[PDB]
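Take a look at this single chain, the form deposited without adenosine-5'-triphosphate (ATP), given in structure tokens.
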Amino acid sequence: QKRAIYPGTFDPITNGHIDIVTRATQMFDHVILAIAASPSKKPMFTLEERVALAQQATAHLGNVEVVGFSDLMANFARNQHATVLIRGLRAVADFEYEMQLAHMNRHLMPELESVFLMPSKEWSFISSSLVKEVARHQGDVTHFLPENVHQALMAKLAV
């Protein structure tokens, strides 16, 4: 069984993230979608909310397991028996941070291979930050989010 971890903040999980995790399940036997607590990022949704949103948004994928973590991601990968670490690669500015993170993860866990997947052109220009910014200004974001996530984001912004 090949086990992969897909770590991130997922605040909230978007269609771009669903695209990446779907591609990951077609390649690896079991995919752990790992949601980092990320308090330094001051996330809009609590970790508990982000885990529930991602569980509902990925329920149609049989080999996905959603978990939350506050640990060092290399230790969390070791502890999940993962040998692959998935990250989505969108644009140039993303790539620079991704290489730093992957070279650091390789220093911490050399047998964990970081692999990058490319999203559909459809989701190549969106991010959780951009979708939240549009939603804060009451713009329509239905196209970019799973149904349950769109509902939660609308509810969150209605106080």
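Basically, rigid core = biggest C-alpha set you can superpose within 1.5 Å across the two forms. Each residue number is its position in the shown sequence, starting from 1.
One more form of this protein should be noted, the form solved in complex with adenosine-5'-triphosphate (ATP), which is absent from this view; the next part is about it.
Trainee: Can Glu49 be called a contact residue for adenosine-5'-triphosphate (ATP) in the bound PDB entry at 4.5 Å between heavy atoms?
Mentor: Flag for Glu49 set to no.
Trainee: Examine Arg90 and determine whether its closest non-hydrogen atom to adenosine-5'-triphosphate (ATP) in the bound PDB entry is within 4.5 angstroms.
Mentor: Output for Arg90 is yes: heavy atoms within 4.5 Å of adenosine-5'-triphosphate (ATP).
Trainee: In the bound PDB entry, does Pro146 come within 4.5 Å of adenosine-5'-triphosphate (ATP), counting heavy atoms only?
Mentor: Residue-level check for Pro146: no, no contact with adenosine-5'-triphosphate (ATP).
Trainee: Are any of the heavy atoms in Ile20 no more than 4.5 Å from a heavy atom of adenosine-5'-triphosphate (ATP) in the bound PDB entry?
Mentor: Taking the distances in the bound PDB entry, the answer for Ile20 is yes, it comes within 4.5 Å of adenosine-5'-triphosphate (ATP).
Trainee: Within 4.5 Å of adenosine-5'-triphosphate (ATP) in the bound PDB entry, counting any non-hydrogen atom, which residues from 105-132 show up?
Mentor: Read in sequence order, the residues that approach adenosine-5'-triphosphate (ATP) (within 4.5 Å, in the bound PDB entry) are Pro119, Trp123, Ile126, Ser127, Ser128, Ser129.
Trainee: Go through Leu108, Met99, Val67, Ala91 and flag the only one whose CA is off by 2 Å or more between this form and the one not shown, rigid core held fixed.
Mentor: The displaced C-alpha is that of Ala91.
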